[PDB]
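Everything on this sheet refers to the single structure shown next.
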Amino acid sequence: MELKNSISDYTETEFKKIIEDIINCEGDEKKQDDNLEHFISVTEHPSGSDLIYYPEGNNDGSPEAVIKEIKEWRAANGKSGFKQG
C-alpha cells in the first residue's frame, strides 16, 4: 500500500494498526499482502513477513514483538525507528 513513505513518519502505534491489521486480518489475505509489501517498504527490515509467519523466541507473536524488532532492528542497524514514542 502507498502509505506513509517511511518508518519515521510512522509511530510505533500507527505501525501497530498495520501490524494488527494483518494479524487479525481486517481483510481477505490480499489486504495482508498489500500490508506485507508496505511492511517491507517503510521498514527496510529484510525478513519482511518472516517475523510474522516464521517467528522465533524473542517473539510474542502479537503486534508487539514485531514493533519491538522494528525499533530494535532499526536502532541496532543505526537507523531511525518510528516517531519518538
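Some notes on this structure:
- Of all residues in the stretch 74-85, those satisfying the criterion of being in a loop (DSSP other than H, G, I, E, B) and either of a type outside the set (S, T, N, Q) or buried (at least 19 other Cβ atoms within 10 Å of the Cβ) (or both) are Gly78, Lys79, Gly81, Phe82, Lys83, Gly85.
- Failed item in (1) part of a loop (DSSP other than H, G, I, E, B); (2) of a type in the set (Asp, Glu); (3) touching a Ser or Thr at 6+ places or on another chain (Cβ under 9 Å), with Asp60 passing the rest: (3)
Here's the yes/no breakdown for (1) more than 13 Å from the chain's Cα centre (by Cα); (2) part of a loop (DSSP other than H, G, I, E, B):
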position: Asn5; (1), (2): yes, yes
position: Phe15; (1), (2): no, no
position: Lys31; (1), (2): yes, no
position: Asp34; (1), (2): no, no
position: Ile40; (1), (2): no, no
position: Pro46; (1), (2): no, yes
position: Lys68; (1), (2): no, no
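- Any pair with Cβ under 9 angstrom, 6 or more apart, that starts in the stretch 54-72 at a residue that is free of Cβ contacts under 8 Å to residues at least 40 places away in the same chain and ends at one that is polar (S, T, N, Q) and exposed (fewer than 14 other Cβ atoms within 10 Å of the Cβ): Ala65/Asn58; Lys68/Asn58; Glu69/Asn58; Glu72/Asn58
- Looking only at the stretch 22-73, and only at residues there that are under 16 Å from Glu12 (Cβ atoms) and among the basic types (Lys, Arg), the one that is surrounded by the most Cβ atoms within 10 Å (Cβ to Cβ): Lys68
Cβ coordinates were reconstructed from backbone atoms using ideal geometry, including for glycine residues, and neighbour counts include every protein chain displayed. We did not get these values from a lab; they are worked out from the coordinates using the rules stated.
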